[PDB]
Amino acid sequence: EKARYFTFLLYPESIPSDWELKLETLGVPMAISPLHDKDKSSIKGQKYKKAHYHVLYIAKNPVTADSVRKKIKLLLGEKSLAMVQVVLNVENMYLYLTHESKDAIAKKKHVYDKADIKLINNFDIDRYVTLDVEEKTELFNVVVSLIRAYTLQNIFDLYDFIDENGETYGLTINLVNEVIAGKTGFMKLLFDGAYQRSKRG
Amino acid sequence: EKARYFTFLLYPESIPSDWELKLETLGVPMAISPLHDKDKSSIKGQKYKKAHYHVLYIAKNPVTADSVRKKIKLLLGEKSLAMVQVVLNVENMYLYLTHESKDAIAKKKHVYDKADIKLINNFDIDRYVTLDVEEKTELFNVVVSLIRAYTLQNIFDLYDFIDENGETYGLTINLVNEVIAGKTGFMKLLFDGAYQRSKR
Amino acid sequence: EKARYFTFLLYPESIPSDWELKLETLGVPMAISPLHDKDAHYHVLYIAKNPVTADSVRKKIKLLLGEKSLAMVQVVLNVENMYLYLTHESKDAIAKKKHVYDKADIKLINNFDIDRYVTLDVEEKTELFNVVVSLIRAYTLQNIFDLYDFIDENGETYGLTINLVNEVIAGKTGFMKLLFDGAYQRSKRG
Amino acid sequence: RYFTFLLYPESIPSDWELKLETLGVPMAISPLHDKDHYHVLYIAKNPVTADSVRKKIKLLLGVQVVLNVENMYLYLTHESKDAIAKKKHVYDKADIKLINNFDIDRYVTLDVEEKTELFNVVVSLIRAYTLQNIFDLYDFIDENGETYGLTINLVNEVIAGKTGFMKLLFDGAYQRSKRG
Amino acid sequence: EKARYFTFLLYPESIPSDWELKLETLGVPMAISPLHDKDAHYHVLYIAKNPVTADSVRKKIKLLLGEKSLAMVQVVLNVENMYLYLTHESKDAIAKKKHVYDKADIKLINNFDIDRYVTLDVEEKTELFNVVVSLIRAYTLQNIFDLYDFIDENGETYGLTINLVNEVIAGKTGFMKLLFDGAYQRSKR
Amino acid sequence: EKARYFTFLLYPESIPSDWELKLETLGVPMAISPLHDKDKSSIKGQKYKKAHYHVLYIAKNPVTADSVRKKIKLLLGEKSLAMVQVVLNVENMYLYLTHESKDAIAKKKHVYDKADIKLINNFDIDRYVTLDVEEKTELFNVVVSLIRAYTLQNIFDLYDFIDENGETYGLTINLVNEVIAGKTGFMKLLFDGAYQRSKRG
Ligand SMILES: [Mn+2]
Ligand SMILES: [Mn+2]
Ligand SMILES: [Mn+2]
Ligand SMILES: [Mn+2]
């Protein structure tokens, strides 16, 4: 059976020193967690789990669990992983790289530095979180009240506004963009409202 | 064949203890019924139906019955459901979670606590009460006579109007927005009518 | 056998004084004719939420107004035609010369709008649009307001209402802006 | 959307013709087919089933699905390709009864190529005479129409949808004439 | 087995003098090559109304020009390529260095128009569009009239006609108004 | 059932000598692999698979498996193929011509010379490198920040900008064109923003 998104673990003791450069060659975009060394282990006596890396590997096309497993073996050594699980929520796995996800936070796992995350081949978690249809409607309606409230005259004035106070309403630039897309028509109405409204004084 | 809204049953004896956290990961918003243990069963002798949970699972994009069924198997165990039905009225299935829907009320099913409902990933039933198609047409036609009558010159003057006298015609802001969406073209005609009418 | 649209008759002498408020409760949208005394009875246009039977209605109304208020529930085939029949203003009734009533006495329970029941053939849409054209051409109507104002008056003559233009021009909006610019820049010539 | 069925005069009321009118659906009814019954061309408002019609007519007076509306309209008079080669008894097209404003013409939709062909004519026409907007175009068609094979109601069906494209032509023409 | 497009050869010594008028009667649109003497024969591009067989053609022509006029009816796979072959101006014939003929000697029976037979690929549309772009950019063409005028003249050089631009820009109209506003406000500078 | 992209095999012993010129006539763009003679064969004893060619044949319009099979039979002989498969990933099948694809590389198949690939009728594997859909959204969002940052006023000022600094953001002209297509609506908003923003001095 086939899918695009996988994760597996890389073990420092059975991967070459140029491993980080070697994953880069696969051409596939990857995100690699900070070195997960301080994982509380549930074996008796021993303090932390063997030291490991978590990798978020997104294939170009829909491929199988094993096509990856052997693509990585023949690239880092037959002994580097064995356990390739298929990833169901890319956003969630990316947050898991730092134990900062919903699953991991409720399991109180040892939170890592998101700055240690390594992005091979231009991973940007941003290109993997599109939004629920309802969400789109919800945000759009916020964009409305926003253009209303501050009498934003045009999509530049809107962007400038989001640039600053963005987070407060939970918009970014690249987000408004995905929100207003297709509703453009409706936008020109708002922006004319605002224009001819500010022309009143 | 494909759709966005589904329901299926989760059985407590064949789902992990962290099942509730696990469904959270799917990223998909779900609403999960209170534990349906007191369902009158129609098998002879036995009192209540095997104890189960009802799930209302709304996919991000139009997907198939089976893409769900296996997404959940590989997430909870091959044995947790087998029966994924496609939901036709999201509001009604949400009311069915507590046996508080029209179907269930007339079947006299054992009413549950709506407080036991579990919302995974920010389900809000409020945002799937989209309008009957007719309603949209009806309301638009009101928005028309409204822009006509008060010579509202542009969507701001329209909003400002709704802000006040909204309820009287049964509009809110967020409601106009859902009404006029798509008919935007038609709007600019109304708002030019109005503009050039007041210029007279 | 099942259907959504029915009509029956209500008799004033065997229905309670709060009958009009009681029908409201059924939750079903209804249109009730003006008092049909100069044919004493009422005609009711009752459209069920879901496909239900002749008798599920007959008894829902008996247990709501008294066992003696109707007995005769017919199933309606053309909702628009039965709505016109409430005022004897339909094709059937007009040729039978029946006593025309005031459409202002029609009573709409639970937000009946006969409009939400008259959609139109696709050809019809094209046909009417083409009328709307010749209409904007002929009287050099400069914009949808001048169009509406026009329909408001002489509407019936071409068979338009406001709410009908709306359903006609919908989608063809593009095409409209061309007509309305024509008209505009045409009148700017004088 | 499109059906036909047969109405038998001995098992339909005397006001049958007025009763079909009420259904609100446009129908074309053949001349009385006695020299082979009535043939009915019934076009539903929306896509409906064989049986929703059969019972709608039963509960109204006491059904094959049509594939080519124009061909079934010609069959009402035995004047179609199928019937002419079967030498069937040709009837008077004047006995055809149009309920609720049937116009077989509203099913003379264009070959798709035709639409493209005509549009391209509408182009060269707006170019050549520098027609500035759809009124100037129409006025033009009104007179010289036949010469290019246009009517008003035909441009209308042609330009429909390509309206965008039109605004480009009409702005060309406008800013072209603004030149002197 | 059946197909719409065929070609065959007509020999002047075993076809009547009114042959050209006789093919006209078949009702089928044909294109006939210039007299191929310097390869004496004619090449015919015969497109049937409906999907018919190799032999229904071979005998329709025998019973129309004489049992001795052809025997060899091949089925045409690329109509455009066979029409180019009529003048030895096709990809096959040009690389075989065959004696190029005058395209003005081509005879079109019953309103053949090779045009109604060359539709184009989705990629082609994109390609052309991108040419129309650089064209509107380069010469600062301000609106679809100034574009047409341009194509009218220098059209063939970029491989456009009027009717072709029309099929190219169709649908992408939005995108057009942007080009034509660019051009307009560019020239206003 | 119908599709645009196919592949089949051509056998040198049952195809004419002018086969390469004959495929040219079909008018359809094809890519033909290097002569696949050194294919390890899984029949016992025998070393290489019968000698064959792989053809990547992209129809003008959506056509059926069999409309191709017979178009090729009546063009090369009834005995040249029998097996026409429908191609799912055009870029992947073009890489398979040389055994240089993901499938073939992991199966260790005998890599061929990409220089022996024959392109009939102007195949360019490139004019089917249409943008991953995500790519389109990513690029558009760049084009946005571009029009914002430099206050580009209209699609000519945009193009002029791409002409120069294009590579830096990974745009060409013909690429913007395939990016903005369809989002034209949204463009006009950006371009008005920019216009009325620069009108502010
Ligand atoms: Mn870990
Ligand atoms: Mn239950
Ligand atoms: Mn009465
Ligand atoms: Mn091979």
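Residues numbered from 1 in each chain as written, not as in the entry; some residues may be left out. Chains lettered and ligands numbered in written order. Heavy atoms only, no water.

Determination of this PDB entry was carried out by X-ray crystallography to a resolution of 3.60 Å, according to the record.

1. What to know about the coordination of the manganese ion (ligand 1)
Residues and elements named next belong to chain A. Distances from the manganese ion (ligand 1) to its protein donors, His 36 (ND1), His 52 (NE2) and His 54 (NE2), fall at 2.1 to 2.7 Å. Each donor residue of the manganese ion (ligand 1) belongs to the same chain, with the gaps between them written as H-x15-H-x1-H. Residue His 36 is found in the loop between β2 (30-32) and β3 (53-64), and its partner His 52 is found in the loop between β2 and β3; the two are separated by 16 residues along the sequence. As far as burial versus exposure is concerned, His 36 and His 52 are alike and both buried. (Donors = N, O, S within 2.8 Å, 3.2 Å for Na, K, Ca; no water. Helix = DSSP H or I, 4+ residues; strand = E, 2+ residues; numbered from the N terminus. Buried < 20%, exposed > 50% of the residue type's maximum accessible area, 1.4 Å probe, protein only.)

2. A word on the coordination of the manganese ion (ligand 2)
Residue and element names in this part refer to chain B. Here the manganese ion (ligand 2) is held by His 36 (ND1), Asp 39 (OD), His 52 (NE2) and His 54 (NE2), and the distances to it run 2.5 to 2.8 Å. For the manganese ion (ligand 2), the donor residues sit on a single chain with the sequence spacing H-x2-D-x12-H-x1-H. By relative accessible area, which is 4% here, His 52 ends up buried.

3. A short note on the interface of chain A and chain F
Across the boundary between the two partners, chain A contributes 26 residues, which contact 21 residues of chain F. With both sides pooled, the region where chain A packs onto chain F buries about 2000 Å², and carbon together with sulfur makes up 52% of that total. It is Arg 127, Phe 156 and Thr 184 of chain A that lose the most area in chain A upon contact with chain F, and together they represent 29% of the buried surface on that side. Connecting chain A to chain F are 8 salt bridges. Inspection of the chain A/chain F interface yields 8 residue pairs in polar contact. Put simply, the parts of the chain that give the side of chain A that touches chain F at least two residues each are β3, α6 (155-169), α7 (173-179) and α8 (184-198) of chain A. Here the side of chain A that touches chain F gets 6 residues from one element, more than from any other, and that element is α6 of chain A. When its residues are assigned to classes, the side of chain A that touches chain F shows 11 nonpolar, 7 polar and 8 charged. (Contact = heavy atoms within 4.5 Å. Buried area = accessible area lost by both parts, 1.4 Å probe. Salt bridge = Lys/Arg side-chain N within 4 Å of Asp/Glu carboxyl O. Polar contact = N/O pair within 3.5 Å; in protein donor to acceptor, adjacent residues only side chain to side chain. Nonpolar A, V, L, I, M, F, W, Y, C, P; charged D, E, K, R; others polar.)

4. Observations concerning the domain arrangement of chain C
All names here are of chain C. When cut into domains, chain C gives domain 1 (1-122) and domain 2 (123-190). One C-alpha centre belongs to domain 1, the other to domain 2, and the line joining them spans 35 Å. With 6 residues of domain 1 in contact, the opposing surface of domain 2 contributes 9 residues. For the pairing of domain 1 and domain 2, the buried interface totals around 600 Å² over both sides, and the portion due to carbon and sulfur atoms is 51%. Counting the surface domain 1 buries against domain 2, the share from its top three residues, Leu 120, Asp 121 and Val 122, is 78%. Connecting domain 1 to domain 2 are 0 salt bridges. (Domains from an automatic or database assignment.)

5. A look at the nonpolar core
Grouped together as the largest cluster of nonpolar side chains are 152 residues, with contacts concentrated most on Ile 147 of chain A together with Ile 147 of chain B. Here this core gets 7 residues from one element, more than from any other, and that element is helix α5 (residues 133-149) of chain F. Ignoring sequence-local partners within four residues, the contact set of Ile 147 of chain B consists of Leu 152, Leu 158, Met 187, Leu 190, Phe 191 and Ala 194 of chain B together with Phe 145 of chain C. (Core = buried A, V, L, I, M, F, W, Y, C linked by side-chain atoms within 4.5 Å.)

6. Here we look at the arrangement of the chains
When C-alpha atoms are compared, chain A and chain C, though not in contact, are closest at a spacing of 12 Å. What separates chain A from chain E at the closest point of their C-alpha atoms is a distance of 13 Å, and the two make no contact.

7. Some details on the sheet that holds strand β2 (residues 27-29) of chain D
Residue and element names in this part refer to chain D. As summarised here, the arrangement of the 5 strands in space is β4-β1-β3-β2-β5, forming an open sheet in which the pairing is antiparallel. Strands at the two margins of the open sheet, each flanked by one partner only, are β4 (64-65) and β5 (97-99). As paired strands, β2 and β5 are joined by 3 bridges and run antiparallel to one another. Across the sheet, the residue bridging to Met 27 is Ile 99, located in β5. Lying over the sheet, helix α2 (residues 50-61) contacts β1 (2-7) and β3 (38-43), oriented at roughly 35° with respect to β1. (Pairing = 2+ DSSP bridges. Axes fitted to C-alpha atoms, helices over the stretch in contact; angles between N-to-C directions.)

8. Considerations on the sheet that holds β2 of chain A
Residues and elements named next belong to chain A. What the 5 strands build is an open sheet, ordered β4-β1-β3-β2-β5; its pairing is antiparallel. Edge positions in the sheet fall to β4 (85-86) and β5 (118-120), since each of these pairs with one other strand and no more. Running at roughly 125° to β3, helix α2 (residues 65-76) makes contact with β1 (2-10) and β3 of the sheet.

9. Describing the packing of aromatic side chains
Taken as a whole and assessed by the stated rule, the structure comprises 54 aromatic pairs over all chains. For the pair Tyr 5 of chain A and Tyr 128 of chain A, a centre-to-centre distance of 6.1 Å together with 65° between the ring planes defines the contact as edge-to-face. One end of the pair, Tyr 5 of chain A, is in strand β1; the other, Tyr 128 of chain A, is in the loop between β5 and α5 (133-149), and 123 residues separate them in sequence. Among the residues examined, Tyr 128 of chain A registers a relative accessible area of 9% and is labelled buried. Ring plane angle 50° and centroid distance 4.7 Å describe the contact between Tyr 139 of chain C and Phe 150 of chain C, whose orientation is recorded as tilted. Note that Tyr 139 of chain C is positioned in the loop between α5 (122-138) and α6 (144-158) and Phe 150 of chain C in helix α6, a separation of 11 residues in sequence. Its relative accessible area of 44% is what places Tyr 139 of chain C among the partly exposed residues. In this structure an aromatic cluster arises from ring pairing among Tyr 5, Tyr 94, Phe 123 and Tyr 128 of chain A. (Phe/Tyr/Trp six-rings, centres within 6.5 Å; stacked < 30°, edge-to-face > 60°.)

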